[PDB]
Amino acid sequence: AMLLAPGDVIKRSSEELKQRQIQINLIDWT
Amino acid sequence: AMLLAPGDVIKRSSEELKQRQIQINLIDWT
Amino acid sequence: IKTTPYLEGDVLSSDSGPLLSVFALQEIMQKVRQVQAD
Amino acid sequence: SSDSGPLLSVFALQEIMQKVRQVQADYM
Amino acid sequence: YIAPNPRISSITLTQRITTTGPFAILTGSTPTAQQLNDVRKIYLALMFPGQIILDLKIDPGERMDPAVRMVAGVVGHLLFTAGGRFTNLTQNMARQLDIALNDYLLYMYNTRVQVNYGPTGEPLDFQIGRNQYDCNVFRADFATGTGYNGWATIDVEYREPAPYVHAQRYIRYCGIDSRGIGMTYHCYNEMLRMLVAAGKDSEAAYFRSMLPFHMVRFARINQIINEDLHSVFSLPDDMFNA
Amino acid sequence: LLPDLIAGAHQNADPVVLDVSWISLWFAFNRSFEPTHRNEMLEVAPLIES
Amino acid sequence: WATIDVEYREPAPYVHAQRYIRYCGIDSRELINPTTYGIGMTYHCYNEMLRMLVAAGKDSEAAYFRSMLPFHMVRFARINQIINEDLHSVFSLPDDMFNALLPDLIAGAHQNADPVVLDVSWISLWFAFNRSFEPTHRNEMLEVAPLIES
Amino acid sequence: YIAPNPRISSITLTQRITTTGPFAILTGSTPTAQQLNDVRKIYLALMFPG
Amino acid sequence: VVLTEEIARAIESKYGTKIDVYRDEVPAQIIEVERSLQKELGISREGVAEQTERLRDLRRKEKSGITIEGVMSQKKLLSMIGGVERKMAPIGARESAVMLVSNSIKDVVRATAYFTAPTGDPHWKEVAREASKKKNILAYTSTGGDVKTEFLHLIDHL
Amino acid sequence: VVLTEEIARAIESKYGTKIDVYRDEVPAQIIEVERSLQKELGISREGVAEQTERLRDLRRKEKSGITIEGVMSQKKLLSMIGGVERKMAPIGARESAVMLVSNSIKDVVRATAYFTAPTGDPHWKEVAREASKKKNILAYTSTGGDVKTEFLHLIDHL
């Protein structure tokens, strides 16, 4: 399964996701 | 079972009664 | 009495929407249109 | 302390009714 | 459309998703307009048993976690009725629900138990549990309806001559009447027997607690058919039986 | 009663459960009941149920 | 070692391939989840491997293997699942030739269609055990195939 | 193609003091395309054992 | 640090105390094992021999001109280490059943679930709409408060 | 005092001698046990390490500048403690089959026995008459001399 989450919470919790070794695709809106 | 005893001997042996953990009701007659 | 909330795209809402009879009419009519639709 | 039949019956019935009211908390 | 317990959707998600599992993953989800429309479609199908039949919306573009189909197969057995004197499902839909429940009963993620399969590859053709208890009954059969709410329970009866002389029947769901607290029925009791034999005590307690909501909802639906819908346009009794 | 509990689905009058705490078990062991005297209504009951 | 890998369950739809395959004694029907499976059970040959190594007194490799086990189990579990589910096709090699493969090799002279050999390096085996395949989603041309072979 | 959890990977840091172990040859290198082709066709043989 | 990896592995197998091995760095404190605790831990005679050669090398070092003390009991060793392990700890195949979480719009065709919360994203309205357009989708929502804990708990459970 | 609770509980098992354990209070006298009495009693090999490490801690304390002496034989230890126990001492459910002994006037309806003796109570005549009016009662009397020992004997035996 795949999940869609907002970019702000991805940016805030990206350390946990990279600690868990999950794949992330992101677009930063500047 | 229960027992009735005179107040003077209860007052004299109340230390043994509390050492043996018995219940007492007493009326001091002044 | 209000219905329990159901999410609308990104924000929760609790609207009852169209009446059940109207919904049944439209569903049956659309289904029979699909049946004839060729 | 001490205990007795009538008071204990009232007791246990009170908690049974409390539990049944907790059951009917789902009963709208 | 009302939840069994109001306002439970707005409490925090960590409270609602208590543990891990298919049912735990499924709980915490919220529906949208598509599922609302499909739910009212289901309810209309329940309100009209003799004219509305249901089947799945299957497309090649589907992709989702198997747990949702799994739970649907688990719960459609209690929700729908088949066999007896009236049916609400197609053979294909009953077959799909049955194979989904087969998948659930073979799904094991906490504890590994013994399994004893049968001669064929049919769904539910096996014996489970420390005591050998047969799950092959819930395989769909329209002759009696073993796997649904028509299993060994009366559903239609007659009380007094109706004002409309072609609609004498009274249609009662789960054998109860409006004119009930804590009462159960055969299909639900045997579903709980299956679940306690499977040792899935989480959803055993879940369904055991969820009984009254099911019973009151089905009583309300029963009332709607037996009271409001009595008109000249109701289906004749012989055609309903045939 | 016991086969019904191990079967998991009751057909007749079910038993009743109640809630207790952790320290209640140690207190239950360290206290003990002792009957003082028999019930006042013990002797006359058969008339009531008859 | 000390296990059976061939079973004839039922009259399967493809009558020319009515056979079932299971590696390491893992049944295909019991679908699993990678987060909770592969821990707490071991199979036969691995059991003799670990007992032999701990008898020999080597311990770093023993700890490494007993820790790495769930990766092995999830890999061959998915392998059993995909070899029993997805690859079932009319082009699958039939039961007669499958039975005759091993006696043909032990006889040393082929008379019908022989197998094919490929060459690999030493480090490839370690990389093979350190990696594992994982199916994302089923093939696009999967369901329509019977029309093509018909 | 998925990689295992790296909690086991501390064994190569233990190998610094325990240098005598021939296991894993202190692997810290990315394999080459021919090695990937080799392991791919190994796993193809695993797919088709016969 | 301790004199030998043999003692290190013995105490690791008995509890899991990760005590380092001496490699001639600094004038630090050195802990060694004598007959009673050797008999307790059950080392082969080779390791006890090795510890003996190491101790005699240290005595030679101190005569040629670093502090060494030995522990007598298991209770004293436990109090000296200051740590007891919790056992258990199995490592699984992967951390979560969800391999990927994203925010792009191209992957809405392949996406399977989405969680919503008030966010400052220019395309959140869009992507939420085209994700909700699916007939069978797994949607979750926030209920205020700390949404990070909710998201982490949800992504652990899923 | 002795250096450990282990030895105290061991000699509690052997005879039942309640002996305290030193906790750094005063420069007191300390007993210690060597190989002979250790082999006699059969303490586990773990406790020898604790006792010897306590002895070498006292050695360090002495070198830092309290009295310690050892017992060699069982007979010497028996003379050392100066007491031998009486083995088993079972305890019943309660001290006496009589739970309550009172004097109040309202309890004569529920009372079941009474002892009499010449007493200076204003209501002794009344309570004695009321207790004697019952159809089946247990009455005891004094015969002069010591009343306290008789009453104590009666209350233990009844």
# chains A, B, ... in the order shown; residues from 1 in each chain; ligands from 1
$ interface_residues --of "chain E" --to "chain A" --cutoff "12 Å" --atoms "only C-alpha atoms" --output "PyMOL selection string"
chain E and resi 62-67
$ write_last_selection --atoms "N, CA, C and O atoms" --output "PDB file, in the first residue's frame"
ATOM      1  N   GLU E  62      -8.613  -1.202  -9.657  1.00  0.00           N
ATOM      2  CA  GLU E  62      -8.601  -1.302  -8.206  1.00  0.00           C
ATOM      3  C   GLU E  62      -7.203  -1.604  -7.684  1.00  0.00           C
ATOM      4  O   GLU E  62      -6.465  -2.410  -8.257  1.00  0.00           O
ATOM      5  N   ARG E  63      -6.846  -0.939  -6.586  1.00  0.00           N
ATOM      6  CA  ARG E  63      -5.662  -1.270  -5.809  1.00  0.00           C
ATOM      7  C   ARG E  63      -5.829  -0.693  -4.411  1.00  0.00           C
ATOM      8  O   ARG E  63      -5.952   0.522  -4.242  1.00  0.00           O
ATOM      9  N   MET E  64      -5.853  -1.578  -3.420  1.00  0.00           N
ATOM     10  CA  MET E  64      -6.010  -1.186  -2.027  1.00  0.00           C
ATOM     11  C   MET E  64      -5.500  -2.330  -1.165  1.00  0.00           C
ATOM     12  O   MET E  64      -5.180  -3.413  -1.664  1.00  0.00           O
ATOM     13  N   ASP E  65      -5.418  -2.075   0.133  1.00  0.00           N
ATOM     14  CA  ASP E  65      -5.007  -3.106   1.076  1.00  0.00           C
ATOM     15  C   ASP E  65      -6.072  -4.193   1.114  1.00  0.00           C
ATOM     16  O   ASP E  65      -7.266  -3.871   1.080  1.00  0.00           O
ATOM     17  N   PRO E  66      -5.701  -5.476   1.169  1.00  0.00           N
ATOM     18  CA  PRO E  66      -6.716  -6.544   1.138  1.00  0.00           C
ATOM     19  C   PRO E  66      -7.655  -6.548   2.334  1.00  0.00           C
ATOM     20  O   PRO E  66      -8.696  -7.217   2.270  1.00  0.00           O
ATOM     21  N   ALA E  67      -7.322  -5.826   3.407  1.00  0.00           N
ATOM     22  CA  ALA E  67      -8.109  -5.900   4.631  1.00  0.00           C
ATOM     23  C   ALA E  67      -9.533  -5.399   4.429  1.00  0.00           C
ATOM     24  O   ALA E  67     -10.455  -5.879   5.089  1.00  0.00           O
TER      25      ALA E  67
END
$ residues_around --residues "range 46-49 of chain G" --least-positions-apart "3" --cutoff "12 Å" --atoms "only C-alpha atoms" --output "list in words"
residues 1, 2, 24, 41, 42, 43, 52, 53, 54, 55, 56, 58, 61, 62, 65, 66, 69, 72 and 73 of chain G
$ write_last_selection --atoms "N, CA and C atoms" --output "tab-separated table (two decimals), in the first residue's frame"
chain	number	residue	atom	x	y	z
G	1	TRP	N	16.15	-31.47	2.48
G	1	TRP	CA	16.49	-32.50	3.45
G	1	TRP	C	15.30	-32.81	4.36
G	2	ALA	N	14.91	-34.08	4.38
G	2	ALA	CA	13.89	-34.62	5.29
G	2	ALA	C	12.56	-33.88	5.18
G	24	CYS	N	10.84	-25.15	1.81
G	24	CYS	CA	11.08	-25.08	3.25
G	24	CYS	C	9.86	-25.49	4.07
G	41	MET	N	10.35	-19.56	14.31
G	41	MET	CA	10.34	-20.89	13.72
G	41	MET	C	11.58	-21.05	12.85
G	42	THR	N	12.09	-22.28	12.80
G	42	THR	CA	13.23	-22.62	11.95
G	42	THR	C	12.93	-23.94	11.26
G	43	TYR	N	13.60	-24.17	10.13
G	43	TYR	CA	13.41	-25.40	9.37
G	43	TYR	C	14.59	-26.35	9.56
G	52	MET	N	25.53	-27.54	13.96
G	52	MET	CA	26.89	-27.89	13.57
G	52	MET	C	27.85	-26.74	13.81
G	53	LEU	N	27.43	-25.51	13.48
G	53	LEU	CA	28.32	-24.37	13.66
G	53	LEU	C	28.58	-24.10	15.14
G	54	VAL	N	27.54	-24.19	15.98
G	54	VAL	CA	27.74	-23.91	17.40
G	54	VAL	C	28.50	-25.05	18.07
G	55	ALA	N	28.42	-26.26	17.51
G	55	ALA	CA	29.30	-27.33	17.96
G	55	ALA	C	30.74	-27.05	17.57
G	56	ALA	N	30.96	-26.56	16.35
G	56	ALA	CA	32.29	-26.18	15.87
G	56	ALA	C	32.85	-24.98	16.59
G	58	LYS	N	32.16	-21.71	16.23
G	58	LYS	CA	32.06	-20.41	15.59
G	58	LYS	C	30.78	-19.71	16.04
G	61	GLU	N	29.38	-15.83	13.02
G	61	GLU	CA	28.54	-16.24	11.91
G	61	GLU	C	27.23	-16.84	12.40
G	62	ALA	N	27.26	-17.55	13.53
G	62	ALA	CA	26.04	-18.12	14.09
G	62	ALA	C	25.06	-17.02	14.50
G	65	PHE	N	23.65	-15.34	11.32
G	65	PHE	CA	22.64	-16.11	10.61
G	65	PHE	C	21.33	-16.16	11.38
G	66	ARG	N	21.40	-16.41	12.70
G	66	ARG	CA	20.18	-16.50	13.49
G	66	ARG	C	19.48	-15.16	13.58
G	69	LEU	N	17.81	-14.60	9.79
G	69	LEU	CA	16.76	-15.56	9.43
G	69	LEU	C	15.44	-14.98	8.92
G	72	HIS	N	15.42	-14.30	5.20
G	72	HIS	CA	15.37	-15.55	4.45
G	72	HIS	C	13.95	-16.10	4.39
G	73	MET	N	13.26	-16.13	5.54
G	73	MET	CA	11.93	-16.71	5.59
G	73	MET	C	10.91	-15.90	4.80
$ residues_around --residues "residue 116 in chain I" --least-positions-apart "2" --cutoff "10 Å" --atoms "only C-alpha atoms" --output "PyMOL selection string"
(chain A and resi 4-6) or (chain C and resi 7+9-11) or (chain I and resi 114+118-119+124-125+128+139-143+151)
$ closest_atom_pairs --of "chain F" --to "chain J" --cutoff "12 Å" --atoms "only C-alpha atoms" --output "JSON lines"
{"residue": "F:31", "atom": "CA", "partner": "J:93", "partner_atom": "CA", "distance": 11.8}
{"residue": "F:32", "atom": "CA", "partner": "J:93", "partner_atom": "CA", "distance": 10.3}
{"residue": "F:34", "atom": "CA", "partner": "J:99", "partner_atom": "CA", "distance": 11.2}
{"residue": "F:36", "atom": "CA", "partner": "J:99", "partner_atom": "CA", "distance": 10.1}
{"residue": "F:37", "atom": "CA", "partner": "J:110", "partner_atom": "CA", "distance": 10.4}
$ closest_atom_pairs --of "chain E" --to "chain F" --cutoff "8 Å" --atoms "only C-alpha atoms" --output "Markdown table"
| residue | atom | partner | partner_atom | distance |
| --- | --- | --- | --- | --- |
| E:189 | CA | F:9 | CA | 6.1 |
| E:190 | CA | F:9 | CA | 7.9 |
| E:192 | CA | F:9 | CA | 6.6 |
| E:193 | CA | F:9 | CA | 6.2 |
| E:196 | CA | F:8 | CA | 6.2 |
| E:197 | CA | F:7 | CA | 8.0 |
$ interface_residues --of "chain I" --to "chain E" --cutoff "8 Å" --atoms "only C-alpha atoms" --output "NGL selection string"
:I and (110 or 112-113 or 132-133 or 135-144 or 150 or 153-154 or 157-158)
$ select_by_dssp --residues "chain I" --states "helix (DSSP H, G or I)" --output "PyMOL selection string"
chain I and resi 5-14+35-41+45-64+74-81+106-108+124-132+147-157
$ interface_residues --of "chain I" --to "chain J" --cutoff "10 Å" --atoms "only C-alpha atoms" --output "count of residues only"
10
$ atom_distance --atom1 "CA of residue 78 in chain I" --atom2 "CA of residue 62 in chain J"
25.7 Å
$ residues_around --residues "range 21-25 of chain H" --least-positions-apart "6" --cutoff "8 Å" --atoms "only C-alpha atoms" --output "MDAnalysis selection string"
(chainID G and resid 60:61) or (chainID H and resid 12 15)
$ residues_around --residues "residue 34 in chain H" --least-positions-apart "2" --cutoff "12 Å" --atoms "only C-alpha atoms" --output "PDB file with N, CA, C and O atoms, in the first residue's frame"
ATOM      1  N   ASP G 119      26.333 -19.369 -15.713  1.00  0.00           N
ATOM      2  CA  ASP G 119      27.518 -19.235 -14.872  1.00  0.00           C
ATOM      3  C   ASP G 119      27.428 -17.993 -13.991  1.00  0.00           C
ATOM      4  O   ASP G 119      27.061 -16.912 -14.458  1.00  0.00           O
ATOM      5  N   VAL G 120      27.778 -18.150 -12.711  1.00  0.00           N
ATOM      6  CA  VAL G 120      27.748 -17.050 -11.752  1.00  0.00           C
ATOM      7  C   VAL G 120      29.046 -17.013 -10.955  1.00  0.00           C
ATOM      8  O   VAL G 120      29.785 -17.998 -10.882  1.00  0.00           O
ATOM      9  N   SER G 121      29.303 -15.860 -10.338  1.00  0.00           N
ATOM     10  CA  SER G 121      30.521 -15.620  -9.581  1.00  0.00           C
ATOM     11  C   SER G 121      30.297 -15.915  -8.096  1.00  0.00           C
ATOM     12  O   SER G 121      29.190 -16.238  -7.658  1.00  0.00           O
ATOM     13  N   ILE G 123      30.818 -13.846  -5.299  1.00  0.00           N
ATOM     14  CA  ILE G 123      30.201 -12.788  -4.504  1.00  0.00           C
ATOM     15  C   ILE G 123      28.714 -12.652  -4.814  1.00  0.00           C
ATOM     16  O   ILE G 123      27.949 -12.115  -3.995  1.00  0.00           O
ATOM     17  N   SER G 124      28.285 -13.149  -5.977  1.00  0.00           N
ATOM     18  CA  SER G 124      26.876 -13.106  -6.341  1.00  0.00           C
ATOM     19  C   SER G 124      26.021 -13.928  -5.388  1.00  0.00           C
ATOM     20  O   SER G 124      24.871 -13.570  -5.134  1.00  0.00           O
TER      21      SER G 124
ATOM     22  N   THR H  30      29.518  -1.184  -3.266  1.00  0.00           N
ATOM     23  CA  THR H  30      28.363  -1.424  -4.114  1.00  0.00           C
ATOM     24  C   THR H  30      28.724  -2.378  -5.252  1.00  0.00           C
ATOM     25  O   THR H  30      29.711  -2.165  -5.961  1.00  0.00           O
ATOM     26  N   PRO H  31      27.947  -3.441  -5.434  1.00  0.00           N
ATOM     27  CA  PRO H  31      28.240  -4.413  -6.491  1.00  0.00           C
ATOM     28  C   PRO H  31      28.072  -3.819  -7.885  1.00  0.00           C
ATOM     29  O   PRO H  31      27.451  -2.775  -8.086  1.00  0.00           O
ATOM     30  N   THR H  32      28.651  -4.521  -8.856  1.00  0.00           N
ATOM     31  CA  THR H  32      28.694  -4.075 -10.240  1.00  0.00           C
ATOM     32  C   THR H  32      27.534  -4.660 -11.041  1.00  0.00           C
ATOM     33  O   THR H  32      26.808  -5.545 -10.584  1.00  0.00           O
ATOM     34  N   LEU H  36      25.084  -7.890 -10.450  1.00  0.00           N
ATOM     35  CA  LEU H  36      23.629  -7.809 -10.378  1.00  0.00           C
ATOM     36  C   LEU H  36      22.967  -8.735 -11.390  1.00  0.00           C
ATOM     37  O   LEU H  36      21.954  -9.368 -11.084  1.00  0.00           O
ATOM     38  N   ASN H  37      23.523  -8.837 -12.597  1.00  0.00           N
ATOM     39  CA  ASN H  37      22.981  -9.784 -13.570  1.00  0.00           C
ATOM     40  C   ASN H  37      23.141 -11.222 -13.087  1.00  0.00           C
ATOM     41  O   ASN H  37      22.240 -12.057 -13.270  1.00  0.00           O
ATOM     42  N   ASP H  38      24.280 -11.525 -12.457  1.00  0.00           N
ATOM     43  CA  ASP H  38      24.507 -12.859 -11.912  1.00  0.00           C
ATOM     44  C   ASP H  38      23.466 -13.207 -10.856  1.00  0.00           C
ATOM     45  O   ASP H  38      22.831 -14.266 -10.925  1.00  0.00           O
ATOM     46  N   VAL H  39      23.270 -12.319  -9.875  1.00  0.00           N
ATOM     47  CA  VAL H  39      22.294 -12.601  -8.822  1.00  0.00           C
ATOM     48  C   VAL H  39      20.881 -12.629  -9.392  1.00  0.00           C
ATOM     49  O   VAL H  39      20.042 -13.428  -8.948  1.00  0.00           O
ATOM     50  N   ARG H  40      20.598 -11.799 -10.401  1.00  0.00           N
ATOM     51  CA  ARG H  40      19.287 -11.823 -11.035  1.00  0.00           C
ATOM     52  C   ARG H  40      19.002 -13.186 -11.648  1.00  0.00           C
ATOM     53  O   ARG H  40      17.917 -13.741 -11.462  1.00  0.00           O
ATOM     54  N   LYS H  41      19.975 -13.764 -12.352  1.00  0.00           N
ATOM     55  CA  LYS H  41      19.690 -15.056 -12.970  1.00  0.00           C
ATOM     56  C   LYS H  41      19.779 -16.208 -11.967  1.00  0.00           C
ATOM     57  O   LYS H  41      19.136 -17.247 -12.166  1.00  0.00           O
TER      58      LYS H  41
END
$ interface_residues --of "chain G" --to "chain H" --cutoff "10 Å" --atoms "only C-alpha atoms" --output "JSON, numbers by chain"
{"G": [58, 60, 61, 63, 64, 65, 67, 68, 70, 71, 72, 75, 76, 79, 80, 82, 83, 87, 92, 93, 97, 98, 99, 101, 102, 115, 116, 117, 118, 119, 120, 121, 122, 123, 124, 125, 126, 127, 128, 129, 130, 131, 132, 133, 134, 135]}
$ closest_atom_pairs --of "chain D" --to "chain E" --cutoff "10 Å" --atoms "only C-alpha atoms" --output "JSON lines"
{"residue": "D:23", "atom": "CA", "partner": "E:209", "partner_atom": "CA", "distance": 9.2}
{"residue": "D:24", "atom": "CA", "partner": "E:181", "partner_atom": "CA", "distance": 9.4}
{"residue": "D:25", "atom": "CA", "partner": "E:5", "partner_atom": "CA", "distance": 9.5}
{"residue": "D:26", "atom": "CA", "partner": "E:5", "partner_atom": "CA", "distance": 6.9}
{"residue": "D:27", "atom": "CA", "partner": "E:212", "partner_atom": "CA", "distance": 7.9}
{"residue": "D:28", "atom": "CA", "partner": "E:5", "partner_atom": "CA", "distance": 8.8}
$ select_by_dssp --residues "range 8-202 of chain E" --states "strand (DSSP E)" --output "PyMOL selection string"
chain E and resi 115-117+126-128+133-134+156-157+170-171
$ write_last_selection --atoms "N, CA, C and O atoms" --output "CSV table (one decimal), in the first residue's frame"
chain,number,residue,atom,x,y,z
E,115,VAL,N,-4.4,-26.7,11.2
E,115,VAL,CA,-5.4,-26.6,10.2
E,115,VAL,C,-5.6,-28.0,9.6
E,115,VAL,O,-4.6,-28.7,9.4
E,116,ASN,N,-6.8,-28.4,9.2
E,116,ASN,CA,-7.1,-29.7,8.7
E,116,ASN,C,-8.0,-29.5,7.5
E,116,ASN,O,-9.2,-29.4,7.6
E,117,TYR,N,-7.4,-29.5,6.3
E,117,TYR,CA,-8.2,-29.2,5.1
E,117,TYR,C,-9.0,-30.4,4.6
E,117,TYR,O,-8.9,-31.5,5.1
E,126,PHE,N,-12.6,-27.2,5.5
E,126,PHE,CA,-11.5,-27.5,6.4
E,126,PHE,C,-12.1,-27.5,7.8
E,126,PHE,O,-13.2,-27.1,8.1
E,127,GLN,N,-11.3,-28.0,8.8
E,127,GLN,CA,-11.7,-28.0,10.2
E,127,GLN,C,-10.7,-27.3,11.0
E,127,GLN,O,-9.5,-27.4,10.7
E,128,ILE,N,-11.1,-26.5,12.0
E,128,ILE,CA,-10.3,-25.6,12.7
E,128,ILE,C,-10.5,-25.8,14.2
E,128,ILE,O,-11.5,-26.4,14.6
E,133,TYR,N,-14.2,-28.1,14.6
E,133,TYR,CA,-15.5,-27.5,14.4
E,133,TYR,C,-15.6,-27.1,12.9
E,133,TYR,O,-14.7,-26.4,12.4
E,134,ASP,N,-16.7,-27.5,12.3
E,134,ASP,CA,-16.9,-27.4,10.9
E,134,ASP,C,-17.2,-26.0,10.5
E,134,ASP,O,-18.2,-25.5,11.0
E,156,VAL,N,-41.0,-14.8,7.5
E,156,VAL,CA,-42.3,-14.4,7.0
E,156,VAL,C,-43.4,-15.1,7.7
E,156,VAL,O,-43.3,-16.3,8.0
E,157,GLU,N,-44.6,-14.5,7.9
E,157,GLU,CA,-45.7,-15.0,8.6
E,157,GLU,C,-46.9,-14.2,8.3
E,157,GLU,O,-46.9,-13.3,7.6
E,170,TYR,N,-46.3,-10.7,6.5
E,170,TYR,CA,-45.5,-9.8,7.4
E,170,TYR,C,-44.0,-10.2,7.3
E,170,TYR,O,-43.7,-11.4,7.5
E,171,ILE,N,-43.2,-9.2,7.0
E,171,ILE,CA,-41.8,-9.5,6.7
E,171,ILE,C,-41.0,-9.0,8.0
E,171,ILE,O,-40.9,-7.8,8.2
$ atom_distance --atom1 "CA of residue 71 in chain E" --atom2 "CA of residue 103 in chain E"
10.1 Å
$ atom_distance --atom1 "CA of residue 18 in chain C" --atom2 "CA of residue 43 in chain E"
15.3 Å
$ closest_atom_pairs --of "chain F" --to "chain D" --cutoff "10 Å" --atoms "only C-alpha atoms" --output "CSV"
residue,atom,partner,partner_atom,distance
F:16,CA,D:16,CA,8.6
F:17,CA,D:16,CA,9.2
F:18,CA,D:16,CA,8.3
F:19,CA,D:19,CA,9.8
F:33,CA,D:2,CA,9.0
F:34,CA,D:2,CA,9.3
F:35,CA,D:3,CA,9.4
F:36,CA,D:2,CA,9.2
F:39,CA,D:5,CA,7.9
F:40,CA,D:5,CA,9.8
F:41,CA,D:5,CA,9.9
$ interface_residues --of "chain G" --to "chain E" --cutoff "9 Å" --atoms "only C-alpha atoms" --output "VMD selection string"
chain G and resid 9 to 11 29 to 33 36 to 37 137
